[PDB]
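Okay, so here's the structure we're looking at.
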Amino acid sequence: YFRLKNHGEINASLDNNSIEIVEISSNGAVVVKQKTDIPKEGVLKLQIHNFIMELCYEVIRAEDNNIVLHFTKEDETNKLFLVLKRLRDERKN
Ligand SMILES: [Cl-]
Numbered sequence: 007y008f009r010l011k012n013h014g015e016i017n018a019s020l021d022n023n024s025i026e027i028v029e030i031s032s033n034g035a036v037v038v039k040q041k042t043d044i045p046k047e048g049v050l051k052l053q054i055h056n057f058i059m060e061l062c063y064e065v066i067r068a069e070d071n072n073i074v075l076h077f078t079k080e081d082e083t084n085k086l087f088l089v090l091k092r093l094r095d096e097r098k099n
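Taking the authors' numbering, the leading residue of the sequence shown gets 7, the next gets one more, and so forth.
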C-alpha cells in the first residue's frame with residue numbers, strides 16, 4: 007500500500023470537532039493530539055474534496071503529540087483506498 011501526506015485536500019473531524027490530519031493511508035492515519043483527549047475507539051469523519059465518509063477507528067500508538075489511528079473495517083478501508091488512489095493520481099497530473 008501507500009501513505010499520503012496531507013496537502014490540505016484532507017479534512018477530518020471527530021464528533022463534529024475538527025482534527026489535524028498529517029498523514030493518511032487506507033488502513034489508518036496520523037493525527038495531532040488536542041486538549042480534548044479523543045476516544046480510544048470511535049468514528050472519524052473524513053472529507054476529501056467532494057467525497058465525505060465515516061470510518062471506524064481506534065488509537066494504536068501515541069507518539070509525543072501525534073496519535074496513530076487504525077481504521078478497523080475492511081469494507082470502509084476498501085472505499086477509502088479508491089478515494090486515496092484517485093487523489094494520488096491527481097497529484098501525478
Ligand atoms: Cl454521527
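All C-beta atoms, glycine included, are put in the ideal place defined by N, C-alpha and C.
A distance of 8 angstroms or more separates the beta carbons of residue 17 and residue 39.
Listed in chain order, the beta strand (DSSP E) elements of length 3 or more contained wholly in the region 18-62 are 23-25, 27-31, 34-38 and 47-54.
Under the three-state reduction of DSSP, residue 87 is assigned to helix. Residue pairing by DSSP places residue 67 opposite 74 in a beta bridge. The C-beta distance from residue 93 to residue 48 rounds to 24 angstroms, too long to meet the 8 angstroms contact threshold. Comparing alpha-carbon positions, the option among 96, 50, 70 and 57 lying closest to residue 76 turns out to be 50. Out of 78, 82 and 26, the CA that lies nearest to the CA of residue 63 is found in 78. For the options 9, 89 and 97, the alpha carbon positioned closest to that of residue 56 is the one of 89.
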